[PDB]
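Alright, two takes on the same chain below, each alone as structure tokens: structure 1 and structure 2.
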Structure 1
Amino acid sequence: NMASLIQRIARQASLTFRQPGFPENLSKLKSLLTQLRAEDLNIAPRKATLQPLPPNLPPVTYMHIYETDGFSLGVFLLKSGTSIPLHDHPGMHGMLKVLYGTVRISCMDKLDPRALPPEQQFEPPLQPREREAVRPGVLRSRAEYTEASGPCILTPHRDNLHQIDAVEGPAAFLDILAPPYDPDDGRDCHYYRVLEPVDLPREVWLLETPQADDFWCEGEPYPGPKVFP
């Protein structure tokens, strides 16, 4: 009979991400994500431990639900006080929906490339190779989102960089990426720092940076209804 909501989300993601028809399909996908709750995935909301995080445990974990050539579908689970650092989604669309907790999502884009003015100074100061590499960007928004918020969308050309901070305890979100990342095809995940020199939208300076030493994501089992071909 009636398929599970997560199966319906996967089915609709496949139809949307395989052009006329795209906006209507994306709207339907957003409406399905709006209805999704953590209990529909058998994920109980996680609350703070109030203990420090030991060095051998990741700050973030990921449950994979499904992927096709057109999209990837899963859940990121952030522990208290953690962040997913600022990163891009080259050539991709993304849709996320908060399942529990509160996250602060900062949304940014790279701009067109203009060079850093010679006298510009930063705190902390930049090394010479960093001064050569910094590029202009725009900070478009920075707001808090909960399960009562709508889904958040990004596209290849707008809000393509985002940072996600767990606010006042653990949080989790469902994420759809379309197409998935593919490093062997020029679609990798790059990380950035926004720099403080010495009102939104507002121009910022962006520095591409390696994955942070204290950030990584481990898989954990997905407990909810399964998506079937």
Structure 2
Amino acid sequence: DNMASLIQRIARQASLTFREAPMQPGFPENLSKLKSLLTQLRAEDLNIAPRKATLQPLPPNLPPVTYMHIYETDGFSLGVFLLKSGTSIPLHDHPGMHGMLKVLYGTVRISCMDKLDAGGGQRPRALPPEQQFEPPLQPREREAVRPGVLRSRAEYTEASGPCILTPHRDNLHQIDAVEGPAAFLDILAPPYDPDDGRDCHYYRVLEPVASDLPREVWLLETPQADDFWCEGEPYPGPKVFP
């Protein structure tokens, strides 16, 4: 038994997944193997202890979420996001990216959405002039409204399987920490690159004047929220080599 750390094995397999005799795995098989490794991942595998709620309100001085960088190549990024109590990663997309996440401690509510896409056989409609929202929309925001669907809204814990998204399915999500702090490992491929036109866009669901899922919604892109930001903090777990 000469095994590497689980995080090193996760990183290797992500590298093979997202990048003659005998034939080595294809992408579906490699993705399924990656997901099998992520199912085994515990917070203790990363030397991260669970965090319990702090009682003081979160002042503007402090970030609601922190990030621990683990590894990245041009194929994928590998990190941990740690959410304080009562905080959220607001609704955002992953343009042309695959993603996999695994809760390490706590509980999160993940709301999974998609913009309606004519490449998927949908026929996205323009926002009709009649319907209105609270708050009302400025005219040019009306022109930017895009139809979407809210697919699911479930709670995940470290006992749940990994949450997977693709470039065209569950590509938008919001992550709420439920009843205390929470953390999750995230794999994204390719990584974001704000300087090469692959950005994290934020969105809001419009409130127009049945709670059943799935349901159609209207989505409006929005700037990163004033009070949402995510600063780094030291990663304490095993190093990914080199």
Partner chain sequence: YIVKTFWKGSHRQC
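Counting starts at 1 with the first residue of structure 1 and goes up one by one along its sequence. In this text, the rigid core denotes the largest set of C-alpha atoms whose superposition between the two forms falls within 1.5 Å.
Enquirer: Two copies of the same chain, shown separately. Which of them is the form deposited without its partner chain?
Expert: Pick structure 2 here.
Enquirer: Once the core is aligned, what is the C-alpha displacement of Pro54 between structures 1 and 2? Give it in Å to one decimal.
Expert: C-alpha displacement of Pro54 between structures 1 and 2: 2.0 Å.
Enquirer: Rigid core superposed, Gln12 Cα shift between structures 1 and 2 in Å?
Expert: C-alpha displacement of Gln12 between structures 1 and 2: 0.3 Å.
Enquirer: Fitting the two forms on their rigid core, what distance in Å separates the Cα positions of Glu130 between structures 1 and 2?
Expert: Value for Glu130 between structures 1 and 2: 1.8 Å of C-alpha shift.
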